[PDB]
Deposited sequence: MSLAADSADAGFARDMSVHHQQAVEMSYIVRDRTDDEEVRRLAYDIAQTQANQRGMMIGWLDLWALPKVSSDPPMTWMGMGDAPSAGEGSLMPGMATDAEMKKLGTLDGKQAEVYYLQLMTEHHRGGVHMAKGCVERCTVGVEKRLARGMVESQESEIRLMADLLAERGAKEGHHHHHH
């Protein structure tokens, strides 16, 4: 159904993934740093691919990619970790280490929100391949948060302060 957890997670996580990909494109143009550029490439590759999977499911299921429902309605919460327009703009104005740090801070928050949403699908989704995808995102995003924490410290910084 259009209002299922399976559909809502596919819609919402696709939009979430889209922003991670965009952040990755931006940071790669703002620094020469190999570690951060490689991480950004890996995140872009994985998240674009997973976005295609979820969009492909919605298509196969004949379900709209956009809902009238507020994001997260399927979790009873009608997104977590999404960067604001101002944050995306700021990222694009930074250079070198400052851009690396800001990207790592934004993506850490982004991953945290993502894990929350993926956990929601692990609980509520009914489609096996989608549940498993969500479970894999919890692991991969949590692993990447730990990595980015080290990259931040090595760059003389830490997770964003809210």
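In sequence order, the gaps in C-alpha coverage of the deposited chain fall at 1-3, 82-91, 176-179.
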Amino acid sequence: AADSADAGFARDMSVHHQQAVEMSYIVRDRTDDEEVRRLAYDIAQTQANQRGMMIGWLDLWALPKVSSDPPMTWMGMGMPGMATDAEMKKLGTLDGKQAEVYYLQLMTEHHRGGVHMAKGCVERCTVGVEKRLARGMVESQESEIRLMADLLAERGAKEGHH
From here on, numbers count along this sequence of modelled residues.
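For the pair 126-134 and 104-112, the record assigns the higher mean C-alpha temperature factor to 126-134.
Here the stretch with the larger average CA B-factor, out of 58-66 and 94-102, is 58-66. Annotation for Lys119: C-alpha temperature factor in the highest third relative to the rest of the modelled chain, per the entry. Split the chain's modelled residues into thirds by C-alpha temperature factor. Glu144 is in the middle one.
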